[PDB]
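Visitor: Next comes the structure file data_36.tsv, holding TSV, C-alpha atoms and all ligand atoms.
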```
chain	number	residue	atom	x	y	z
Y	1	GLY	CA	84.99	84.57	97.70
Y	2	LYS	CA	86.71	87.95	97.39
Y	3	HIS	CA	88.29	89.88	100.27
Y	4	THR	CA	88.04	93.64	100.04
Y	5	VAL	CA	90.66	95.81	101.77
Y	6	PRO	CA	90.14	99.57	102.06
Y	7	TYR	CA	93.27	101.59	101.43
Y	8	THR	CA	94.25	105.25	101.49
Y	9	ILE	CA	97.15	107.13	99.94
Y	10	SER	CA	98.96	110.04	101.56
Y	11	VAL	CA	101.70	111.89	99.67
Y	12	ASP	CA	103.42	114.92	101.18
Y	13	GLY	CA	100.68	115.16	103.80
Y	14	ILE	CA	97.77	115.10	101.33
Y	15	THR	CA	95.07	112.58	100.33
Y	16	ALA	CA	92.95	112.54	97.17
Y	17	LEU	CA	90.48	109.82	96.14
Y	18	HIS	CA	88.17	108.30	98.75
Y	19	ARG	CA	86.73	104.85	99.40
Y	20	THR	CA	89.16	102.84	97.32
Y	21	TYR	CA	89.68	99.11	97.91
Y	22	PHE	CA	92.07	96.31	96.99
Y	23	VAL	CA	90.55	92.88	96.29
Y	24	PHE	CA	92.09	89.52	97.16
Y	25	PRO	CA	90.75	86.00	96.74
Y	26	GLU	CA	89.67	84.72	100.17
Y	27	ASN	CA	92.11	82.72	102.31
Y	28	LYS	CA	94.73	82.30	99.60
Y	29	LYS	CA	98.21	83.24	100.81
Y	30	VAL	CA	100.19	85.79	98.80
Y	31	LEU	CA	103.77	87.05	99.01
Y	32	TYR	CA	104.17	90.60	100.28
Y	33	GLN	CA	105.66	91.40	96.88
Y	34	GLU	CA	102.15	91.06	95.46
Y	35	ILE	CA	100.75	93.62	97.91
Y	36	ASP	CA	103.79	95.82	97.22
Y	37	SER	CA	102.89	95.67	93.52
Y	38	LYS	CA	99.26	96.68	94.01
Y	39	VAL	CA	100.41	99.55	96.22
Y	40	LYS	CA	103.02	100.90	93.80
Y	41	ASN	CA	100.46	100.53	91.01
Y	42	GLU	CA	98.01	102.87	92.70
Y	43	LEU	CA	100.65	105.31	93.89
Y	44	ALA	CA	101.60	105.70	90.23
Y	45	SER	CA	98.14	105.85	88.67
Y	46	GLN	CA	96.51	108.06	91.30
Y	47	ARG	CA	99.38	110.26	92.48
Y	48	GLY	CA	101.92	109.89	89.71
Y	49	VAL	CA	104.37	108.43	92.23
Y	50	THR	CA	106.58	106.07	90.24
Y	51	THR	CA	109.17	103.59	91.45
Y	52	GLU	CA	111.81	106.19	90.79
Y	53	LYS	CA	109.86	108.66	92.93
Y	54	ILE	CA	109.66	106.14	95.78
Y	55	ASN	CA	113.40	105.46	95.83
Y	56	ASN	CA	114.09	109.21	96.12
Y	57	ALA	CA	111.49	109.94	98.81
Y	58	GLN	CA	112.44	110.52	102.44
Y	59	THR	CA	110.00	107.83	103.53
Y	60	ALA	CA	107.71	105.47	101.60
Y	61	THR	CA	105.73	102.81	103.41
Y	62	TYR	CA	102.35	101.18	103.83
Y	63	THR	CA	100.91	100.07	107.13
Y	64	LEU	CA	98.75	96.99	107.39
Y	65	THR	CA	96.19	96.89	110.16
Y	66	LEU	CA	95.20	93.27	110.73
Y	67	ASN	CA	91.81	92.03	111.88
Y	68	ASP	CA	93.10	91.39	115.39
Y	69	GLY	CA	94.08	95.04	115.70
Y	70	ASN	CA	97.84	94.60	115.30
Y	71	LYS	CA	99.84	96.43	112.66
Y	72	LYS	CA	102.79	95.72	110.38
Y	73	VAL	CA	104.75	98.35	108.48
Y	74	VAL	CA	106.33	97.55	105.11
Y	75	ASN	CA	109.07	99.72	103.60
Y	76	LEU	CA	108.41	100.34	99.89
Y	77	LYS	CA	112.01	101.35	99.12
Y	78	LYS	CA	113.36	97.95	100.19
Y	79	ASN	CA	111.05	95.24	101.52
Y	80	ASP	CA	113.05	92.45	103.17
Y	81	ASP	CA	109.76	90.68	103.90
Y	82	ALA	CA	109.05	90.73	100.16
Y	83	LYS	CA	109.49	86.98	100.34
Y	84	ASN	CA	107.39	86.36	103.46
Y	85	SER	CA	103.76	85.39	102.96
Y	86	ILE	CA	100.50	86.53	104.47
Y	87	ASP	CA	96.83	85.62	104.32
Y	88	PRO	CA	95.21	88.71	102.80
Y	89	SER	CA	91.99	87.77	104.60
Y	90	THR	CA	93.68	88.86	107.83
Y	91	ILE	CA	94.13	92.40	106.49
Y	92	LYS	CA	91.56	94.98	107.61
Y	93	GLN	CA	93.03	98.15	106.13
Y	94	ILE	CA	96.09	99.61	104.39
Y	95	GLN	CA	97.52	103.10	104.91
Y	96	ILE	CA	100.01	104.19	102.26
Y	97	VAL	CA	102.35	107.05	103.19
Y	98	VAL	CA	105.03	108.78	101.15
Y	99	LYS	CA	106.97	111.94	101.99
Y	101	ZN	ZN	87.01	88.78	103.53
Y	102	ZN	ZN	97.80	88.49	114.09
```
Show me this structure written as structure tokens.
Ligand SMILES: [Zn+2]
Ligand SMILES: [Zn+2]
Guide:
Amino acid sequence: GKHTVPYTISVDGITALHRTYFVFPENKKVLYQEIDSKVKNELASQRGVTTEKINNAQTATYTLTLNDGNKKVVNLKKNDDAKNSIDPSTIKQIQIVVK
């Protein structure tokens, strides 16, 4: 019913909280913008990394590792694929990185 996706946050080479997960309703497609939103939300609440902080960072991205082992990197500063859709059920893990 609910798809859990473990995620980690790295900022300036450091990581804080452990075993944190995003939750998505099973097999219901979402726009990447929705995942972008959940990601920015946590960056802000857990690391105090606001939208303004993302825009001024050298690099700000999140890497999706899909169930089949492949990966897809999304740029948080400007996500062209913000319109594209994806089945969250295909996502195994998310690695958020900002520097
Ligand atoms: Zn699932
Ligand atoms: Zn695939």
Visitor: Which residues are near residue Y:75? Cut-off 8 Å, only C-alpha atoms, ignore same chain within fewer than 4 positions. Put them as a PyMOL selection string.
Guide: chain Y and resi 60-62+79
Visitor: Write out, as a JSON list (two decimals), in the coordinates of the input, the residues just selected, with C-alpha atoms.
Guide:
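After the write, out10.json holds the following:
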```
[["chain", "number", "residue", "atom", "x", "y", "z"],
["Y", 60, "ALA", "CA", 107.71, 105.47, 101.60],
["Y", 61, "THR", "CA", 105.73, 102.81, 103.41],
["Y", 62, "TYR", "CA", 102.35, 101.18, 103.83],
["Y", 79, "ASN", "CA", 111.05, 95.24, 101.52]]
```
Visitor: How close does each residue of chain Y get to ligand ZN 101 (chain Y), giving the shortest atom pair and distance in Å to one decimal for every residue with an atom at most 6 Å away, counting only C-alpha atoms and all ligand atoms, sorted by chain and residue number, as JSON lines?
Guide:
```
{"residue": "Y:3", "atom": "CA", "partner": "Y:ZN101", "partner_atom": "ZN", "distance": 3.7}
{"residue": "Y:26", "atom": "CA", "partner": "Y:ZN101", "partner_atom": "ZN", "distance": 5.9}
{"residue": "Y:89", "atom": "CA", "partner": "Y:ZN101", "partner_atom": "ZN", "distance": 5.2}
```
Visitor: One decimal, Å: what's the distance from atom CA of residue Y:49 over to atom CA of residue Y:13, could you say?
Guide: 13.9 Å
Visitor: Record the distance separating atom CA of residue Y:11 and atom CA of residue Y:42, expressed in Å with one decimal.
Guide: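 Interatomic distance here is 12.0 Å.
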Visitor: Produce a table with one row for each residue of chain Y that has an atom at most 12 Å from any atom of ligand ZN 102 (chain Y), each row naming the nearest atom pair and its distance in Å at one decimal; use all atoms listed in the file; arrange rows by chain and rising residue number; format as CSV.
Guide:
```
residue,atom,partner,partner_atom,distance
Y:64,CA,Y:ZN102,ZN,10.9
Y:65,CA,Y:ZN102,ZN,9.4
Y:66,CA,Y:ZN102,ZN,6.4
Y:67,CA,Y:ZN102,ZN,7.3
Y:68,CA,Y:ZN102,ZN,5.7
Y:69,CA,Y:ZN102,ZN,7.7
Y:70,CA,Y:ZN102,ZN,6.2
Y:71,CA,Y:ZN102,ZN,8.3
Y:72,CA,Y:ZN102,ZN,9.5
Y:86,CA,Y:ZN102,ZN,10.2
Y:87,CA,Y:ZN102,ZN,10.2
Y:88,CA,Y:ZN102,ZN,11.6
Y:89,CA,Y:ZN102,ZN,11.2
Y:90,CA,Y:ZN102,ZN,7.5
Y:91,CA,Y:ZN102,ZN,9.3
Y:92,CA,Y:ZN102,ZN,11.1
```
Visitor: Contacts of residue Y:30 at 10 Å or less, counting all atoms listed in the file, minus same-chain residues fewer than 3 places along, as a list in words?
Guide: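 With the cut-off at 10 Å, the set is residues 24, 25, 27, 33, 34, 35, 83, 84, 85, 86, 87 and 88 of chain Y.
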Visitor: Quick one: everything within 12 Å of residue Y:51, counting all atoms listed in the file, minus sequence neighbours fewer than 2 positions away in the same chain. Send it as an mmCIF file with C-alpha atoms, keeping the file's coordinate frame.
Guide:
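Dumped everything to part_33.cif:
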```
data_model
loop_
_atom_site.group_PDB
_atom_site.id
_atom_site.type_symbol
_atom_site.label_atom_id
_atom_site.label_comp_id
_atom_site.auth_asym_id
_atom_site.auth_seq_id
_atom_site.Cartn_x
_atom_site.Cartn_y
_atom_site.Cartn_z
ATOM 1 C CA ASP Y 36 103.790 95.820 97.220
ATOM 2 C CA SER Y 37 102.890 95.670 93.520
ATOM 3 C CA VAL Y 39 100.410 99.550 96.220
ATOM 4 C CA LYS Y 40 103.020 100.900 93.800
ATOM 5 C CA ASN Y 41 100.460 100.530 91.010
ATOM 6 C CA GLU Y 42 98.010 102.870 92.700
ATOM 7 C CA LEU Y 43 100.650 105.310 93.890
ATOM 8 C CA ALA Y 44 101.600 105.700 90.230
ATOM 9 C CA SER Y 45 98.140 105.850 88.670
ATOM 10 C CA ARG Y 47 99.380 110.260 92.480
ATOM 11 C CA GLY Y 48 101.920 109.890 89.710
ATOM 12 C CA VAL Y 49 104.370 108.430 92.230
ATOM 13 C CA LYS Y 53 109.860 108.660 92.930
ATOM 14 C CA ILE Y 54 109.660 106.140 95.780
ATOM 15 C CA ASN Y 55 113.400 105.460 95.830
ATOM 16 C CA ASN Y 56 114.090 109.210 96.120
ATOM 17 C CA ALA Y 57 111.490 109.940 98.810
ATOM 18 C CA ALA Y 60 107.710 105.470 101.600
ATOM 19 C CA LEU Y 76 108.410 100.340 99.890
ATOM 20 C CA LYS Y 77 112.010 101.350 99.120
ATOM 21 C CA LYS Y 78 113.360 97.950 100.190
ATOM 22 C CA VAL Y 98 105.030 108.780 101.150
#
```
Visitor: Rounded to one decimal, what separation in Å do you get between atom CA of residue Y:28 and atom CA of residue Y:96?
Guide: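 Between atom CA of residue Y:28 and atom CA of residue Y:96 the gap works out to 22.7 Å.
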Visitor: Under the rule that only C-alpha atoms are counted, which of Y:58, Y:46, Y:63, Y:95 is the nearest residue to residue Y:7?
Guide: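 Once distances to residue Y:7 are computed over only C-alpha atoms, the minimum belongs to Y:95.
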Visitor: Go through Y:32, Y:97, Y:4, Y:59 one by one, measure the shortest atom-to-atom distance of each to residue Y:81 using only C-alpha atoms, and give the residue with the smallest value.
Guide: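 Of Y:32, Y:97, Y:4, Y:59, the one nearest residue Y:81 is Y:32, counting only C-alpha atoms.
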